[PDB]
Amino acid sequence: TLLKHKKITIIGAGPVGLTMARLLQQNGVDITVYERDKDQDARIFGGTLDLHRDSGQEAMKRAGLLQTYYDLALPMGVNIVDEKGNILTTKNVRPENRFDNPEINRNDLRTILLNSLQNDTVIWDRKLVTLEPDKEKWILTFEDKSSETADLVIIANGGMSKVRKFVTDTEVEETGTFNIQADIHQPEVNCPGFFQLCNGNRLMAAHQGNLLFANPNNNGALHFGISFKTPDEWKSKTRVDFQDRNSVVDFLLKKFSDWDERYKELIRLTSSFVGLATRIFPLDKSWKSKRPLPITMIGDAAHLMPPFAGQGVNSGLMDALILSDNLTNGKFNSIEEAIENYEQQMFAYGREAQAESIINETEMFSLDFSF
């Protein structure tokens, strides 16, 4: 009854926003999702996601999508490999644990979520630019100069959201590490040396402060990421131009001088690199207790943190579960109280996850680290 005759708008059709949409809409709420991506066919760059039983999988179950997730997810082994290609540990998958946290492609996840929504729930090509309250409703203005209205706004548009003002003025901060990601499509053909070294398992390696993570089978592509402490020179002078492949390759081949040729080949064979400083949206300061209209935040928009904890999507999916529950479970007598309780709970597990992620980051990039 809280949401009677209420138009709810979710900003962002990432995993968290689509899951929030589903959890509300299945209860007959009036939901719209605004997504900047041009259309549903847009390729989502990055690695695979794994849903944990007590958070992400619980959200999928509550949404009716757990078996669909299992159908499309792949259980993956993991090898810890030294810089010379020697496997130090092979942690293959046990049929016992195949459903513990199988890896799902990000586009596959978006599709099962989209398929669970009514048609035309997501409005594509809508990059929200301004969000200001008018009367008792929010005014949403998009890059394409269109405008829309809503009674409640849930911000789920990622860690770099520019529309957080009415919730908090806290700013994103860099943590001191940097990540470079890329894909090699059809790796069996195009990087056979490294693909064979992976041996059908995810690969992790750490050397001289440089971490390499790779997944040889993300829907026909090998995805890899190289992470390190941000060079201090970058702080003032830019040394690597991430629009110039050859600039990136020259830097990485320098860093990877001591590594086996199969790793150097992987770098030489990548057509395009994506470089990003690790960031956090810290939960140190409380959010604003006075807001002009109902608004809150979920996912990375709420608690962006370094991904080396394996945290990330599962916290966001718990946000959607708790916020959706609060809004539909009859326990609260206003939207504001339902939101405030959600934020209370999220700050709790969010602060915990952020603290673990910073510890792990400090440990993983120390020169003594060994997995």
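All residue numbers are counted from 1 along the displayed sequence.
Mean CA B-factor, 196-204 versus 93-101: the higher value falls on 93-101. Look at the C-alpha B-factors of 220-228 and of 288-296. On average they run higher in 288-296. Which of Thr175, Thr111, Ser147, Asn210 has the largest Cα B-factor in the deposited entry comes down to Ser147.
Ranking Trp259, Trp124, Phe242, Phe251 by the C-alpha B-factor listed in the PDB entry places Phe242 at the top. When the modelled residues of the chain are ordered by their C-alpha B factor, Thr141 lands in the highest third. The entry lists a Cα temperature factor for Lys162 that places it in the middle third of the chain's modelled residues.
The entry lists a Cα temperature factor for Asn314 that places it in the middle third of the chain's modelled residues. Among the modelled residues of its chain, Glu265 has a C-alpha B-factor that falls in the middle third according to the deposited record. Among all modelled residues in this chain, the alpha-carbon of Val81 has a temperature factor (C-alpha) in the middle third.
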